[PDB]
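What follows is a single structure, written as structure tokens, with notes after it.
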Amino acid sequence: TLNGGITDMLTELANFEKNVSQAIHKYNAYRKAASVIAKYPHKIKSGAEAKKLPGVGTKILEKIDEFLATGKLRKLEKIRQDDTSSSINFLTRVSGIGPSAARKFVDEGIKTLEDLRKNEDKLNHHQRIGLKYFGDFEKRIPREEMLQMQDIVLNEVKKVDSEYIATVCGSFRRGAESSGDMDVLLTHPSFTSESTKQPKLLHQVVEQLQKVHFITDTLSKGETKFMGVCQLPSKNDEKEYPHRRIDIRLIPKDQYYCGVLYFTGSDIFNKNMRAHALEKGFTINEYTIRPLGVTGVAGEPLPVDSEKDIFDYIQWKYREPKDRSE
DNA sequence: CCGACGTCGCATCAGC
DNA sequence: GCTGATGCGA
DNA sequence: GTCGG
Ligand SMILES: Nc1ccn([C@H]2C[C@H](O)[C@H](COP(=O)(O)OP(=O)(O)C(Cl)(Cl)P(=O)(O)O)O2)c(=O)n1
Ligand SMILES: Nc1ccn([C@H]2C[C@H](O)[C@@H](COP(=O)(O)O)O2)c(=O)n1
Ligand SMILES: [Cl-]
Ligand SMILES: [Mg+2]
Ligand SMILES: [Mg+2]
Ligand code: NA
Ligand code: NA
Ligand code: NA
């Protein structure tokens, strides 16, 4: 990409602040700057030119000038040399190992893939499955494979109850030619904002996907959110497909548009859009958009009959899913 | 300057 | 057990 | 780290 060197540098800084410094707001600010630069349609010539973009301030502009002049960033060259930072950044690549667990593991002398495998009993269930599929989860999913996965999920869900509707969201819905995982929004008319007329609505879909050996492992599961592992079937004598991460979110059927807005993302697009709502005097979540009173307290949900109604309230022109890849 | 920064589900743990 | 952080994830 | 009042 046009400014890939700069955006990679800012992404590495963001990951450092999240994993090592445990500074969540610095992480978000580095990712916001990388995102705005990533869609900037010129090859950046200077820090000053980048500082014109919202989210790029004085410090990033200085780093951009250093990187443009030398091709590298001294602050990052030193981070890469630091063993504790190196170890923490590696351990946090395992699903279920976050910043705190990674620092505790290094304290205990658990620093490598070899160390993790030797100490499975030090791992909670989520972490244990993240270690099991460590290599698989860093592989990307071709859209063609997403389409086969979509076919299985939709057809199995229809076999449980033809009134379910499953919608694949995430980067797939944004039209990406590959995805990092599969995100499935699920609705059923028995589950609305007003009542749950049927129990186990998420459970029985998960069970059916387990029965046909599509879902293979469970990271976490509740009444409305499943987080797990799935795998396409392979043909005779074929090498197996990698195992893939799958998230399934059951959303009240009447709140589908807020739900599909949220689950289509991207994550930065959601942050930007929800920050804009706040400035406009609204709060948006995966269920509702509600006004803010003078006291900063959310009011009653506003009527929503399309994704576009949500954009309208906050005075944004509508953006198709393919233009939300921030 | 400096307060705010998106919002929430599930797993885990501490205190009662 | 309940409740309210806190961790990690979407 | 950046922004807006
Ligand atoms: N911090 C987050 C993370 C995710 N999300 C939402 C938006 C996003 O699209 C998400 C699905 O999570 P994801 O991590 O799978 O994000 P994707 O957009 O699908 C993706 Cl580009 Cl990271 P990938 O999964 O295709 O690699 O749910 C969010 O709102 N806030
Ligand atoms: N998972 C889904 C997807 C769509 N829908 C509903 C919302 C609208 O009434 C209708 C529109 O479908 P679509 O947005 O796919 O054009 O389907 C649902 O209830 N659950
Ligand atoms: Cl709500
Ligand atoms: Mg995804
Ligand atoms: Mg602000
Ligand atoms: Na700027
Ligand atoms: Na992790
Ligand atoms: Na996901």
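Note that these values count all heavy atoms, side chains included, but never hydrogens, waters or copies made by symmetry. Every chain is numbered from 1, with letters handed out A, B, ... down the list of sequences.
Considering all non-hydrogen atoms of both residues, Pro321(A) and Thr264(A) come closest at CB-CG2, 3.9 Å.
Atom CE in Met227(A) sits roughly 5 Å away from atom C1' in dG9(C) (whole-Å rounding). Spacing between atom CG of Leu261(A) and atom P of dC8(B) amounts to 14 Å, rounded to whole angstrom units. Counting to the nearest Å, the P atom of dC5(B) and the CD atom of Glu279(A) are 10 Å from each other. Atom NZ of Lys26(A) and atom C1' of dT2(D) are 12 Å apart (whole Å). For the pair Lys75(A) NZ and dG1(D) P, the interatomic distance rounds to 6 Å; values are reported in whole Å. Atom pair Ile24(A):CD1 and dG9(C):P shows a separation of 11 Å (rounding to whole Å applied). Rounded to a whole Å, the CG atom of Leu278(A) is 16 Å from the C1' atom of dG5(D). The interatomic distance linking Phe226(A) (CZ) with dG9(C) (P) rounds to 16 Å, in whole Å.
At least one side-chain nitrogen or oxygen of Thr224(A) sits closer than 4.0 Å to the OP1 or OP2 atom of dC10(B). Considering only side-chain N and O atoms, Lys225(A) lies nowhere under 4.0 angstrom from the phosphate OP1 or OP2 of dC10(B). Under 4.0 angstrom from either OP1 or OP2 of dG9(B) there lies no side-chain N or O belonging to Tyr262(A). Within the structure, every side-chain polar atom (N or O) of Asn28(A) is placed at least 4.0 Å from both OP1 and OP2 of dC5(B).
Listed by chain and number, the residues in a ring-ring contact (aromatic ring centres under 6.0 Å, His included) with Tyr40(A) are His42(A) (sequence neighbours excluded). Listed by chain and number, the residues in a salt bridge (charged side-chain N to carboxylate O under 4.0 Å, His left out) with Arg274(A) amount to none (sequence neighbours excluded). Qualifying side-chain hydrogen bond (donor to acceptor under 3.5 Å, both in side chains) partners for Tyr256(A), counting only residues two or more places apart in sequence or in other chains: none. Shown here are the salt bridge (charged side-chain N to carboxylate O under 4.0 Å, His left out) partners of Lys308(A), two or more places apart in sequence or in another chain: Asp312(A).
At a threshold of 4.0 angstrom between heavy atoms, the contacts of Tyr27(A) with the nucleic acid are absent. Using a 4.0 Å heavy-atom cutoff across all strands shown, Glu286(A) reaches sugar-phosphate atoms only and no base atom. Heavy atoms of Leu53(A) sit under 4.0 angstrom from primed sugar atoms or phosphate atoms, though from no base atom. Heavy atoms of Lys32(A) sit nowhere under 4.0 angstrom from any nucleic acid atom.
Comparing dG1(D), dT12(B), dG9(C) against the side chain of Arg245(A) picks out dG9(C) as the nearest. The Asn270(A) side chain lies nearest to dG6(B) when the options are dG6(B), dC10(B), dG1(D). The side chain of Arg249(A) lies closest to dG9(B) when the candidates are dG9(B), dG6(B), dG1(D).
Sorted by first and then second residue, the ring pair (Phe, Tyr, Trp, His ring centres under 6.0 Å) pairs involving residues 169-222 of chain A (not counting sequence neighbours) are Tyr164(A)-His188(A).
Taking atom P in both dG6(B) and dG4(D), the straight-line distance is 13 Å, to the nearest Å.
Between the side chains of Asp83(A) and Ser86(A), no donor-acceptor pair of N or O atoms lies under 3.5 Å.
Ring pair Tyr133(A)/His243(A) is parallel by interplanar angle, where below 30° counts as parallel and above 60° as perpendicular.
Sugar puckers are classed by the sign of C1'-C2'-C3'-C4'; that of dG9(C) comes out north, on the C3'-endo side.
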Write down the protein N/O and nucleotide N/O pairs, taken from nucleotides 5-8 of chain C, whose separation is under 3.5 Å; answer none if there are no such pairs.
{"residue": "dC8(C)", "atom": "OP1", "partner": "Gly98(A)", "partner atom": "N", "Å": "3.1"}
{"residue": "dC8(C)", "atom": "OP1", "partner": "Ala101(A)", "partner atom": "N", "Å": "2.8"}
{"residue": "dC8(C)", "atom": "OP2", "partner": "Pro99(A)", "partner atom": "N", "Å": "3.2"}
{"residue": "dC8(C)", "atom": "OP2", "partner": "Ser100(A)", "partner atom": "N", "Å": "2.9"}

